[PDB]
Amino acid sequence: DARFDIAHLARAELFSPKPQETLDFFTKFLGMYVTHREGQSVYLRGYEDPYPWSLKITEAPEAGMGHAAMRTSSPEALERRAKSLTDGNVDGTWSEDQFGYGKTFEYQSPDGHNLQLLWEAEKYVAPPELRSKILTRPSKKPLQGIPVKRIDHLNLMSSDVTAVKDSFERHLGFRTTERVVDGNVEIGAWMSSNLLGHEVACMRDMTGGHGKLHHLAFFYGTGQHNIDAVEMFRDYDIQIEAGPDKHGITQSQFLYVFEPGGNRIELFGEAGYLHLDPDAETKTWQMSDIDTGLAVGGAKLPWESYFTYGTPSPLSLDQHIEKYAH
Amino acid sequence: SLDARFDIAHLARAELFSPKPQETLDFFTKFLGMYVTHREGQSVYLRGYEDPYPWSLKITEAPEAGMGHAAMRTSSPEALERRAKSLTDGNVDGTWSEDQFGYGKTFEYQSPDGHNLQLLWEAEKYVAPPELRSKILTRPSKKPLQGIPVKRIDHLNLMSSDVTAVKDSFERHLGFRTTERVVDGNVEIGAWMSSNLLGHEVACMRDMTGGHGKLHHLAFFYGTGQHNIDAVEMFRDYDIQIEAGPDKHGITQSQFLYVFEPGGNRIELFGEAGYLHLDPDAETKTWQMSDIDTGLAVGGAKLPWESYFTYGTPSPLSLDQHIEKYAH
Amino acid sequence: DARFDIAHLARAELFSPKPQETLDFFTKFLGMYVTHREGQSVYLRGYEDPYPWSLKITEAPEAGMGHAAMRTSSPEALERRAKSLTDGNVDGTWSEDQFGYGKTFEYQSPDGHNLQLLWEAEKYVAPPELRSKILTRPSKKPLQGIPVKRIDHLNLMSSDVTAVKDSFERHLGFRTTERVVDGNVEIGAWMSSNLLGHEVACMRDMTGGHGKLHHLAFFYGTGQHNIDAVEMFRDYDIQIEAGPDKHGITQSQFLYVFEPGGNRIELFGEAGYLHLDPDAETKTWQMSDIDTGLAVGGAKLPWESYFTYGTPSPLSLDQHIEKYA
Amino acid sequence: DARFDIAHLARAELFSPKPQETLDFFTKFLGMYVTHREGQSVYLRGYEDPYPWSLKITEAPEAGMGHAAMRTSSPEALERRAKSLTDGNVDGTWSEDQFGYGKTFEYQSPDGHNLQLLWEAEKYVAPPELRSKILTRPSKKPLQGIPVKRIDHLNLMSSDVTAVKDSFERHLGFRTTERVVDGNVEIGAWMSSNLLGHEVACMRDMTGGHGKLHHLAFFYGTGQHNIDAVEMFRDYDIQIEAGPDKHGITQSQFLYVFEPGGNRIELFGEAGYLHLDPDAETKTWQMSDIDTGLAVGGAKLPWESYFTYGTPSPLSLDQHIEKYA
Ligand SMILES: O=C(O)/C(O)=C/C=C/C(=O)c1ccccc1
Ligand SMILES: O=C(O)/C(O)=C/C=C/C(=O)c1ccccc1
Ligand SMILES: O=C(O)/C(O)=C/C=C/C(=O)c1ccccc1
Ligand SMILES: O=C(O)/C(O)=C/C=C/C(=O)c1ccccc1
Ligand SMILES: [Fe+3]
Ligand SMILES: [Fe+3]
Ligand SMILES: [Fe+3]
Ligand SMILES: [Fe+3]
């Protein structure tokens, strides 16, 4: 078991030292619905996210990931996974303090990332006037910015990719669909519990840091929307890191930008390659053939930011780029 | 283990009968750019560049069109035995075989309406010769330079005299869940089912002519809306009959394009994957036949009653005669 | 000479018995900028329209086109064209009472359509905060709805297509790139004075009416935007007539919807086929073999409205569809 | 005056040391039709090119442009333009030795680029079975590779951009829609004689060479096709330089690759922004503030090739990239 115990990535919490600007980024540009406000946080969801929220913005001294929560495939699976972690000496705590959700098990990845598991999730129902004629779509697509449909995946930065990968595979039942190696060292791993290539990935922190967030990605499902989104970001002064293009690794149409708070956000295009074959061997990418893996087109990922910057960062984004530029 | 939700992995292949085998072959190679991996007797085997096994499509010469069979691959060898046993204990006649190139032990059976279905686990993983391998590691073969190449098989739609009976079989015997359905009063006239995050890999719609065990259509995946636009322009200028599309069905949020291959079978070109069912606990969405506009098409597309809701293969009348008959 | 006297379609005015709803349609869904408000009318422009406005919405008892103005290639061209019309005995009037524009020659088509020619047009300059980093783009693309870039073309419904075609060809110097005939009668003509396949089209009125507007089109330039637009119209209750698909005639990616006031509006995708060849013969389509001409894809153009409904209409859109169904 | 004398870019000839590989590139990947073969040359056309050919591939010791020919808007216009060049002391030669075309005037730009003017051009008619149901389309879109529709534009490298610019403006009547400057020095100019932002561009040669070709571009009109094309080139081992993305300058969706012979070829997506305004002022970009001009997206144009490599090149592409690091 453990194999089919995890259903999908339900939500993530981002910390931001410029909470209002981050909120404006997610509403004005990415068209997310705000469903709740309390204390230091604001809760949002894309029009096709199934629960009250998929994103939580929380004011903080620095940027980074407050947590990421995965929803299990049943309440039985939740008990199973939490039991596995506890039996494995992984410290965890049960709680039930989040709007729109129930009992949740909180724990740390081997590198310090805040992870959570839950089953109890309220099915979001929009106000009558905002319900879509498309029955599988809870809310009508907003008429603001270039609206994302839902959260897509999470990419964690780590001092030890294998340690994190092992935890997801062993305790959560994830399978690694693709990975990148240097010698016999894993510097990148993409993992999934369903037909998606991945919903959680882990890449080596080239600065020697640990427990950082590389990026949180949101789904468009249409390549043209990354083109529309980047033109928007360019004209409305949002820093563009790379893209739009497509990574050979995971066959993902990507667009990386930096929201006002300092976190890296990815806009994801076409779903791409779905893993229908139930027992496909993990594909291992090498340095010798990493060109296509990084980008099918002419896109070039900046060493001074993409492979080195993650949040929280001891240096500001500008300070960082200047330091690793050489 | 008694939990059967994950026993079926996906739709592996389908076989189409055609009274014009060569023209049908040309359709799938010249226009849809599929690779031919085997030839035997009166059949030709093909695969899209991203299909994982030796073939996902088999074209067989026959006096009439229709579906020879459809085979689903399980998630493990154990799942195959469990599903086969469920069917057997349910008094469903079944037969084991190992007849096909590129595959192993297979369980053959028929749906309540007579559709030829199959279950299997043993499948050879297709490996392209060095020269045809893609630099994209999850892609077995390079995308062909012929026509508008489809990536893989996507789903199948079966026409039936009793949708509810077919749905019940997939649900209780194969572990499928029904994501969406359409009812007319208190009668189910359409059901879309799945065992994974796809909205569906197998659908069933009521035969409005009174027939049964027919094939409504076999669908192939592009994943890009623009390719349905490119495809239809190609079909129009190269004399392939177009039924409807490109547009998008509200039901299953699928970008569709329906055309008729030379043999008479309806084939669908599928665009963006659309809406993935991430929520593992979502209730079936039920559409009313009386409030179906959005469900049929988000755009201005119109599905002809003279063919879309009445034509399936094999058909008592040839396509032309069928349309003329049901038009008035 | 003559051929190059008309530069492009500058603007159009739409009459609407539901002016507020019509304005909401163009701003909330089509993301057009409002540049001026005055009495019974509102002025708008797409973010890439060169002048203060390309669309004027005016409150009226019925729907329809108030007018359409074409800009000339020079001031000399304007005098030449106006003189040609006058010499042809076409009644015309000079004026200068519109915001953002100058001297204008007003006249009517052989079928009663209100047309105008002008040269003096102010070049819109957006406030600094709204200027685009793309220098050829006056304003940033709005963050509302699915923003149209600019006006594209006009399609006039007439009781005599050839009569209208002759006016544009002989007096304005337009060429007819494509046409549709039924026996010896022209029932459709698409005319241009530049690289575009057409900026003004004229189709036969099959109801015995005359001087009506079939539709006004706005440019996206991207096929996916018609897909996004129709999904928006569907979920936000705007009546969809046909599309998205592509007409073989003019090779245009189309999407036809009805705005609240009753006028037909087309959302236009890829520019399509540009007429680079300077002396290509007019392509003539036959009504007897028009399938590809109407739609490359599977789109079906409803006779109950597409070939029969135009504004102003004696019957409401609902009554019309019911009647011709 | 001469403002409308030139209609469009009719064709171009590319030299290649690997003629067969270059031919395969344009046929197997870009789906162009071969319409003629003579001596050491092959003639091709996109399915929507109006004449027998838009591209001529000629075997040669080095890469580069054999010539580029523009078609005038009339025979009178040809006489006028040639007259202007001759009166300006520009050496010219009249000839008529090209398949599918008639009398043409051959001359050189101030930097040595081989240019030509002509009016007589045969209208290509495809064999019965290859004619398209779309009447404005001469031949059916091929079922090979990702077929380009037609030639789009040319970009010339020059030791003196202003000199080349003056020639096109003064002698051909072209207008400069956009340009890039550094102080009082023009390092780039985009010119047109019609609604297109440009059909001919000129950029500074940073190596000190002259009369070279930066790139020849072909039209798709669809952004997705550049995405499709780049994936094809990547998996079929064609060197990719930059893109798919969009230049703020000229608002063009670009994809630059190197064909087997060494020439840079651009695949062009959406037509983009059409210059409908007849008297729009030239948009001048500053070299110091050109981020958006180079690319709206995150694309990065490599200095080691994009701004320095042109054909013919004294160094092989490999050696050139190595040299400029
Ligand atoms: O994350 C992806 O989907 C992707 O294609 C990027 C992979 C990047 C790397 O190979 C990488 C390697 C070491 C450290 C950081 C990043
Ligand atoms: O199959 C689909 O995705 C779809 O939108 C079509 C639904 C068609 C029907 O409702 C239907 C009803 C009765 C008989 C045949 C077809
Ligand atoms: O306007 C177009 O581009 C187009 O393809 C529409 C042509 C419609 C007609 O053939 C038509 C014929 C008679 C009366 C009205 C319209
Ligand atoms: O050609 C274009 O559309 C474009 O955006 C490229 C502009 C490149 C330059 O500014 C340039 C400047 C100096 C030397 C070569 C090239
Ligand atoms: Fe990612
Ligand atoms: Fe289907
Ligand atoms: Fe139109
Ligand atoms: Fe270019």
# chains A, B, ... in the order shown; residues from 1 in each chain; ligands from 1
>>> residues_near_ligand(ligand="ligand 8", cutoff="10 Å", atoms="only C-alpha atoms and all ligand atoms", output="PyMOL selection string")
chain D and resi 152-156+190+198-202+214-218+247+249-250+252-256+265-268
>>> write_last_selection(atoms="N, CA, C and O atoms", output="CSV table (one decimal), in the first residue's frame")
chain,number,residue,atom,x,y,z
D,152,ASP,N,8.4,35.8,-45.5
D,152,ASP,CA,7.9,37.0,-44.7
D,152,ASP,C,8.8,38.2,-44.8
D,152,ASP,O,8.3,39.2,-45.3
D,153,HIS,N,10.0,38.1,-44.4
D,153,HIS,CA,10.9,39.2,-44.5
D,153,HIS,C,12.4,38.9,-44.5
D,153,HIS,O,12.8,37.7,-44.3
D,154,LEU,N,13.2,39.9,-44.6
D,154,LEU,CA,14.7,39.8,-44.6
D,154,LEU,C,15.3,40.8,-43.7
D,154,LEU,O,14.8,41.9,-43.5
D,155,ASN,N,16.4,40.3,-43.1
D,155,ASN,CA,17.2,41.2,-42.2
D,155,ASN,C,18.6,41.2,-42.7
D,155,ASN,O,19.3,40.1,-42.7
D,156,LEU,N,19.1,42.4,-43.0
D,156,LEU,CA,20.5,42.5,-43.6
D,156,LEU,C,21.4,43.1,-42.6
D,156,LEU,O,21.1,44.0,-41.9
D,190,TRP,N,13.8,49.0,-39.1
D,190,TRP,CA,12.9,48.1,-39.7
D,190,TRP,C,12.0,48.9,-40.7
D,190,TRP,O,11.4,49.9,-40.3
D,198,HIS,N,7.4,45.6,-41.2
D,198,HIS,CA,8.6,45.5,-42.0
D,198,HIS,C,8.7,44.3,-42.9
D,198,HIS,O,8.1,43.3,-42.6
D,199,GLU,N,9.4,44.4,-44.0
D,199,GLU,CA,9.6,43.3,-44.9
D,199,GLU,C,11.1,43.3,-45.1
D,199,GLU,O,11.7,42.3,-45.5
D,200,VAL,N,11.8,44.4,-44.7
D,200,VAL,CA,13.2,44.5,-44.8
D,200,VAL,C,13.8,45.2,-43.6
D,200,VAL,O,13.3,46.3,-43.3
D,201,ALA,N,14.7,44.6,-43.0
D,201,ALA,CA,15.4,45.2,-41.8
D,201,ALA,C,16.9,45.3,-42.0
D,201,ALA,O,17.4,44.5,-42.8
D,202,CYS,N,17.5,46.2,-41.3
D,202,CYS,CA,19.0,46.3,-41.4
D,202,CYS,C,19.6,46.5,-40.0
D,202,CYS,O,19.1,47.4,-39.3
D,214,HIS,N,21.6,38.6,-42.2
D,214,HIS,CA,21.5,38.2,-40.8
D,214,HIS,C,20.5,37.0,-40.8
D,214,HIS,O,20.8,35.9,-40.3
D,215,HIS,N,19.3,37.2,-41.5
D,215,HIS,CA,18.4,36.1,-41.6
D,215,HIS,C,17.3,36.3,-42.6
D,215,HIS,O,17.0,37.5,-43.0
D,216,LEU,N,16.7,35.2,-43.1
D,216,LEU,CA,15.6,35.2,-44.0
D,216,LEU,C,14.5,34.6,-43.1
D,216,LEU,O,14.7,33.6,-42.5
D,217,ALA,N,13.3,35.2,-43.1
D,217,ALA,CA,12.2,34.7,-42.3
D,217,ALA,C,11.0,34.2,-43.1
D,217,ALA,O,10.6,34.8,-44.2
D,218,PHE,N,10.4,33.1,-42.7
D,218,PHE,CA,9.2,32.5,-43.3
D,218,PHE,C,8.0,32.6,-42.3
D,218,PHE,O,8.2,32.5,-41.1
D,247,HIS,N,9.5,39.6,-29.9
D,247,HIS,CA,10.3,40.8,-29.9
D,247,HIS,C,9.4,42.0,-29.7
D,247,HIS,O,8.4,42.1,-30.4
D,249,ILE,N,10.2,44.9,-30.3
D,249,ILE,CA,10.5,45.7,-31.5
D,249,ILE,C,9.8,44.9,-32.7
D,249,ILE,O,10.2,43.7,-32.9
D,250,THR,N,8.9,45.5,-33.4
D,250,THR,CA,8.2,44.9,-34.5
D,250,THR,C,7.1,43.9,-34.0
D,250,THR,O,6.4,43.3,-34.8
D,252,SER,N,7.1,40.8,-33.1
D,252,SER,CA,7.1,39.6,-33.8
D,252,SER,C,7.4,38.3,-33.0
D,252,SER,O,8.4,38.3,-32.2
D,253,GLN,N,6.6,37.3,-33.2
D,253,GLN,CA,6.9,36.0,-32.5
D,253,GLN,C,8.0,35.3,-33.3
D,253,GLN,O,7.7,34.9,-34.5
D,254,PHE,N,9.1,35.2,-32.7
D,254,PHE,CA,10.3,34.6,-33.4
D,254,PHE,C,10.8,33.3,-32.9
D,254,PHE,O,10.6,32.9,-31.8
D,255,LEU,N,11.5,32.7,-33.8
D,255,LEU,CA,12.2,31.4,-33.6
D,255,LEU,C,13.4,31.4,-34.6
D,255,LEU,O,13.1,31.5,-35.8
D,256,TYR,N,14.6,31.5,-34.1
D,256,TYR,CA,15.8,31.5,-34.9
D,256,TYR,C,16.5,30.2,-34.9
D,256,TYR,O,16.8,29.7,-33.8
D,265,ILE,N,17.7,31.2,-40.1
D,265,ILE,CA,16.4,31.2,-40.7
D,265,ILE,C,15.4,31.5,-39.5
D,265,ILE,O,15.6,31.0,-38.4
D,266,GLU,N,14.5,32.4,-39.7
D,266,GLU,CA,13.5,32.7,-38.7
D,266,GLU,C,12.1,32.2,-39.1
D,266,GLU,O,11.7,32.2,-40.2
D,267,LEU,N,11.5,31.6,-38.1
D,267,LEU,CA,10.1,31.1,-38.2
D,267,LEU,C,9.3,32.1,-37.5
D,267,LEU,O,9.6,32.5,-36.4
D,268,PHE,N,8.4,32.7,-38.2
D,268,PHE,CA,7.5,33.8,-37.8
D,268,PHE,C,6.1,33.4,-37.4
D,268,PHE,O,5.4,32.7,-38.2
>>> residues_around(residues="residue 136 (chain D)", least_positions_apart="4", cutoff="12 Å", atoms="only C-alpha atoms", output="PyMOL selection string")
(chain C and resi 177-179+197+247-252+272-277+280-285+292-293) or (chain D and resi 47-50+124-125+131-132+140)
>>> write_last_selection(atoms="C-alpha atoms", output="PDB file, in the first residue's frame")
ATOM      1  CA  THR C 177     -10.655  40.379 -53.097  1.00  0.00           C
ATOM      2  CA  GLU C 178     -13.401  37.765 -52.924  1.00  0.00           C
ATOM      3  CA  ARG C 179     -17.075  37.480 -53.786  1.00  0.00           C
ATOM      4  CA  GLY C 197      -8.481  40.708 -47.285  1.00  0.00           C
ATOM      5  CA  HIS C 247     -14.365  30.910 -42.919  1.00  0.00           C
ATOM      6  CA  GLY C 248     -12.711  29.682 -46.116  1.00  0.00           C
ATOM      7  CA  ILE C 249     -13.864  32.985 -47.593  1.00  0.00           C
ATOM      8  CA  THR C 250     -11.401  35.624 -46.328  1.00  0.00           C
ATOM      9  CA  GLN C 251      -9.658  32.896 -44.293  1.00  0.00           C
ATOM     10  CA  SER C 252     -10.861  34.487 -41.066  1.00  0.00           C
ATOM     11  CA  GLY C 272      -4.950  35.089 -41.780  1.00  0.00           C
ATOM     12  CA  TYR C 273      -4.107  35.512 -45.457  1.00  0.00           C
ATOM     13  CA  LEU C 274      -2.562  38.862 -46.369  1.00  0.00           C
ATOM     14  CA  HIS C 275      -2.924  39.992 -49.980  1.00  0.00           C
ATOM     15  CA  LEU C 276       0.703  40.694 -50.836  1.00  0.00           C
ATOM     16  CA  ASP C 277       0.271  40.051 -54.577  1.00  0.00           C
ATOM     17  CA  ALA C 280      -4.472  39.131 -57.829  1.00  0.00           C
ATOM     18  CA  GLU C 281      -7.740  38.453 -59.624  1.00  0.00           C
ATOM     19  CA  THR C 282     -10.899  38.486 -57.525  1.00  0.00           C
ATOM     20  CA  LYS C 283     -11.650  34.985 -56.291  1.00  0.00           C
ATOM     21  CA  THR C 284     -15.262  34.107 -57.046  1.00  0.00           C
ATOM     22  CA  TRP C 285     -17.079  31.474 -54.971  1.00  0.00           C
ATOM     23  CA  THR C 292     -15.457  25.307 -47.379  1.00  0.00           C
ATOM     24  CA  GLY C 293     -16.209  28.980 -47.958  1.00  0.00           C
TER      25      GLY C 293
ATOM     26  CA  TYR D  47       1.827  26.870 -50.175  1.00  0.00           C
ATOM     27  CA  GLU D  48       0.571  30.457 -50.117  1.00  0.00           C
ATOM     28  CA  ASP D  49       3.416  32.113 -52.028  1.00  0.00           C
ATOM     29  CA  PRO D  50       1.802  33.711 -55.131  1.00  0.00           C
ATOM     30  CA  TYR D 124       1.498  29.944 -59.708  1.00  0.00           C
ATOM     31  CA  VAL D 125      -1.328  27.505 -60.375  1.00  0.00           C
ATOM     32  CA  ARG D 131      -5.390  22.940 -55.559  1.00  0.00           C
ATOM     33  CA  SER D 132      -6.924  24.012 -52.251  1.00  0.00           C
ATOM     34  CA  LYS D 140      -2.990  22.587 -50.299  1.00  0.00           C
TER      35      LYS D 140
END
>>> closest_atom_pairs(of="chain B", to="chain A", cutoff="8 Å", atoms="only C-alpha atoms", output="Markdown table")
| residue | atom | partner | partner_atom | distance |
| --- | --- | --- | --- | --- |
| B:6 | CA | A:4 | CA | 7.4 |
| B:9 | CA | A:278 | CA | 6.0 |
| B:10 | CA | A:276 | CA | 6.0 |
| B:52 | CA | A:277 | CA | 6.6 |
| B:74 | CA | A:278 | CA | 7.8 |
| B:75 | CA | A:278 | CA | 5.6 |
| B:76 | CA | A:278 | CA | 7.9 |
| B:135 | CA | A:292 | CA | 6.5 |
| B:136 | CA | A:248 | CA | 5.3 |
| B:137 | CA | A:283 | CA | 6.3 |
| B:138 | CA | A:283 | CA | 6.8 |
| B:196 | CA | A:195 | CA | 7.3 |
| B:197 | CA | A:195 | CA | 6.8 |
| B:223 | CA | A:272 | CA | 6.9 |
| B:224 | CA | A:270 | CA | 7.4 |
| B:250 | CA | A:134 | CA | 5.4 |
| B:251 | CA | A:134 | CA | 7.2 |
| B:252 | CA | A:136 | CA | 7.7 |
| B:253 | CA | A:134 | CA | 7.8 |
| B:272 | CA | A:270 | CA | 7.0 |
| B:273 | CA | A:271 | CA | 6.7 |
| B:274 | CA | A:221 | CA | 7.0 |
| B:275 | CA | A:136 | CA | 7.9 |
| B:278 | CA | A:8 | CA | 6.0 |
| B:279 | CA | A:50 | CA | 6.6 |
| B:280 | CA | A:73 | CA | 5.8 |
| B:281 | CA | A:73 | CA | 7.8 |
| B:285 | CA | A:135 | CA | 6.3 |
| B:286 | CA | A:135 | CA | 7.9 |
| B:287 | CA | A:135 | CA | 7.8 |
| B:294 | CA | A:133 | CA | 6.5 |
| B:295 | CA | A:134 | CA | 7.0 |
>>> closest_residue(among="C:66, C:10, C:80, C:134", to="ligand 4", atoms="only C-alpha atoms and all ligand atoms")
C:134
>>> select_by_dssp(residues="region 43-234 of chain A", states="helix (DSSP H, G or I)", output="ChimeraX atom specification")
/A:75-87,128-130,161-172,223-234
>>> closest_residue(among="C:317, C:227, C:203, C:180", to="chain A", atoms="only C-alpha atoms")
C:227
>>> closest_atom_pairs(of="chain C", to="chain A", cutoff="7 Å", atoms="only C-alpha atoms", output="Markdown table")
| residue | atom | partner | partner_atom | distance |
| --- | --- | --- | --- | --- |
| C:132 | CA | A:235 | CA | 6.1 |
| C:133 | CA | A:235 | CA | 6.0 |
| C:140 | CA | A:235 | CA | 6.7 |
| C:143 | CA | A:145 | CA | 4.5 |
| C:144 | CA | A:144 | CA | 5.0 |
| C:145 | CA | A:143 | CA | 4.5 |
| C:235 | CA | A:133 | CA | 6.0 |
>>> residues_around(residues="residue 265 (chain B)", least_positions_apart="4", cutoff="8 Å", atoms="only C-alpha atoms", output="list in words")
residues 16, 18, 65, 66, 215, 216, 217, 260, 261, 312 and 313 of chain B
>>> residues_around(residues="region 157-166 of chain B", least_positions_apart="6", cutoff="7 Å", atoms="only C-alpha atoms", output="VMD selection string")
chain B and resid 111 to 113 188 to 190 202 to 207 210 to 218 312
>>> write_last_selection(atoms="N, CA and C atoms", output="PDB file, in the first residue's frame")
ATOM      1  N   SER B 111     -19.434  -6.824 -22.876  1.00  0.00           N
ATOM      2  CA  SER B 111     -20.222  -5.944 -22.030  1.00  0.00           C
ATOM      3  C   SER B 111     -21.649  -6.467 -22.096  1.00  0.00           C
ATOM      4  N   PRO B 112     -22.533  -5.961 -21.227  1.00  0.00           N
ATOM      5  CA  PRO B 112     -23.924  -6.417 -21.235  1.00  0.00           C
ATOM      6  C   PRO B 112     -24.608  -6.186 -22.576  1.00  0.00           C
ATOM      7  N   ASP B 113     -24.067  -5.263 -23.369  1.00  0.00           N
ATOM      8  CA  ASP B 113     -24.652  -4.934 -24.663  1.00  0.00           C
ATOM      9  C   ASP B 113     -23.948  -5.620 -25.835  1.00  0.00           C
ATOM     10  N   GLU B 188     -30.815   7.136 -17.895  1.00  0.00           N
ATOM     11  CA  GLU B 188     -29.450   7.544 -18.204  1.00  0.00           C
ATOM     12  C   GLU B 188     -29.209   7.333 -19.692  1.00  0.00           C
ATOM     13  N   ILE B 189     -28.844   8.394 -20.398  1.00  0.00           N
ATOM     14  CA  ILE B 189     -28.585   8.255 -21.819  1.00  0.00           C
ATOM     15  C   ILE B 189     -27.107   8.447 -22.136  1.00  0.00           C
ATOM     16  N   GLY B 190     -26.325   8.728 -21.099  1.00  0.00           N
ATOM     17  CA  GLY B 190     -24.893   8.906 -21.276  1.00  0.00           C
ATOM     18  C   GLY B 190     -24.134   8.810 -19.964  1.00  0.00           C
ATOM     19  N   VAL B 202     -13.487   5.623 -20.838  1.00  0.00           N
ATOM     20  CA  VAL B 202     -14.570   4.841 -21.408  1.00  0.00           C
ATOM     21  C   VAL B 202     -15.898   5.543 -21.150  1.00  0.00           C
ATOM     22  N   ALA B 203     -16.654   5.762 -22.219  1.00  0.00           N
ATOM     23  CA  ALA B 203     -17.951   6.402 -22.111  1.00  0.00           C
ATOM     24  C   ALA B 203     -18.975   5.503 -22.774  1.00  0.00           C
ATOM     25  N   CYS B 204     -20.239   5.714 -22.432  1.00  0.00           N
ATOM     26  CA  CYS B 204     -21.319   4.928 -22.999  1.00  0.00           C
ATOM     27  C   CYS B 204     -22.531   5.823 -23.238  1.00  0.00           C
ATOM     28  N   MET B 205     -23.041   5.809 -24.464  1.00  0.00           N
ATOM     29  CA  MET B 205     -24.200   6.623 -24.795  1.00  0.00           C
ATOM     30  C   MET B 205     -25.294   5.778 -25.430  1.00  0.00           C
ATOM     31  N   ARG B 206     -26.539   6.140 -25.158  1.00  0.00           N
ATOM     32  CA  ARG B 206     -27.676   5.400 -25.676  1.00  0.00           C
ATOM     33  C   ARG B 206     -27.791   5.420 -27.197  1.00  0.00           C
ATOM     34  N   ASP B 207     -28.052   4.251 -27.776  1.00  0.00           N
ATOM     35  CA  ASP B 207     -28.223   4.115 -29.217  1.00  0.00           C
ATOM     36  C   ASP B 207     -29.668   4.540 -29.481  1.00  0.00           C
ATOM     37  N   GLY B 210     -32.128   2.028 -31.699  1.00  0.00           N
ATOM     38  CA  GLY B 210     -32.604   0.756 -31.194  1.00  0.00           C
ATOM     39  C   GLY B 210     -31.572  -0.351 -31.276  1.00  0.00           C
ATOM     40  N   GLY B 211     -30.454  -0.087 -31.942  1.00  0.00           N
ATOM     41  CA  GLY B 211     -29.417  -1.097 -32.060  1.00  0.00           C
ATOM     42  C   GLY B 211     -28.687  -1.288 -30.746  1.00  0.00           C
ATOM     43  N   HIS B 212     -27.607  -2.065 -30.767  1.00  0.00           N
ATOM     44  CA  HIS B 212     -26.820  -2.310 -29.564  1.00  0.00           C
ATOM     45  C   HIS B 212     -25.415  -2.819 -29.893  1.00  0.00           C
ATOM     46  N   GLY B 213     -24.532  -2.782 -28.897  1.00  0.00           N
ATOM     47  CA  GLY B 213     -23.171  -3.256 -29.076  1.00  0.00           C
ATOM     48  C   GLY B 213     -22.346  -2.535 -30.124  1.00  0.00           C
ATOM     49  N   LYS B 214     -22.723  -1.301 -30.436  1.00  0.00           N
ATOM     50  CA  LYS B 214     -22.004  -0.522 -31.443  1.00  0.00           C
ATOM     51  C   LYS B 214     -20.917   0.380 -30.872  1.00  0.00           C
ATOM     52  N   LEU B 215     -20.031   0.825 -31.760  1.00  0.00           N
ATOM     53  CA  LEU B 215     -18.947   1.737 -31.417  1.00  0.00           C
ATOM     54  C   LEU B 215     -19.350   3.149 -31.824  1.00  0.00           C
ATOM     55  N   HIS B 216     -19.368   4.085 -30.882  1.00  0.00           N
ATOM     56  CA  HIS B 216     -19.688   5.452 -31.267  1.00  0.00           C
ATOM     57  C   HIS B 216     -18.411   6.069 -31.841  1.00  0.00           C
ATOM     58  N   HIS B 217     -17.312   6.011 -31.089  1.00  0.00           N
ATOM     59  CA  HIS B 217     -16.034   6.525 -31.579  1.00  0.00           C
ATOM     60  C   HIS B 217     -14.809   6.168 -30.738  1.00  0.00           C
ATOM     61  N   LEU B 218     -13.654   6.218 -31.392  1.00  0.00           N
ATOM     62  CA  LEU B 218     -12.372   5.956 -30.747  1.00  0.00           C
ATOM     63  C   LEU B 218     -11.690   7.319 -30.813  1.00  0.00           C
ATOM     64  N   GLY B 312     -23.513   4.857 -35.503  1.00  0.00           N
ATOM     65  CA  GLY B 312     -22.506   4.103 -34.781  1.00  0.00           C
ATOM     66  C   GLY B 312     -22.128   2.929 -35.668  1.00  0.00           C
TER      67      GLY B 312
END
>>> closest_residue(among="D:112, D:64, D:92, D:138", to="chain C", atoms="only C-alpha atoms")
D:138
>>> residues_near_ligand(ligand="ligand 5", cutoff="10 Å", atoms="only C-alpha atoms and all ligand atoms", output="list in words")
residues 152, 153, 154, 155, 156, 190, 198, 199, 200, 201, 202, 214, 215, 216, 217, 218, 247, 249, 250, 252, 253, 254, 255, 256, 265, 266, 267 and 268 of chain A
>>> closest_residue(among="D:278, D:288, D:318, D:12", to="residue 70 (chain C)", atoms="only C-alpha atoms")
D:278
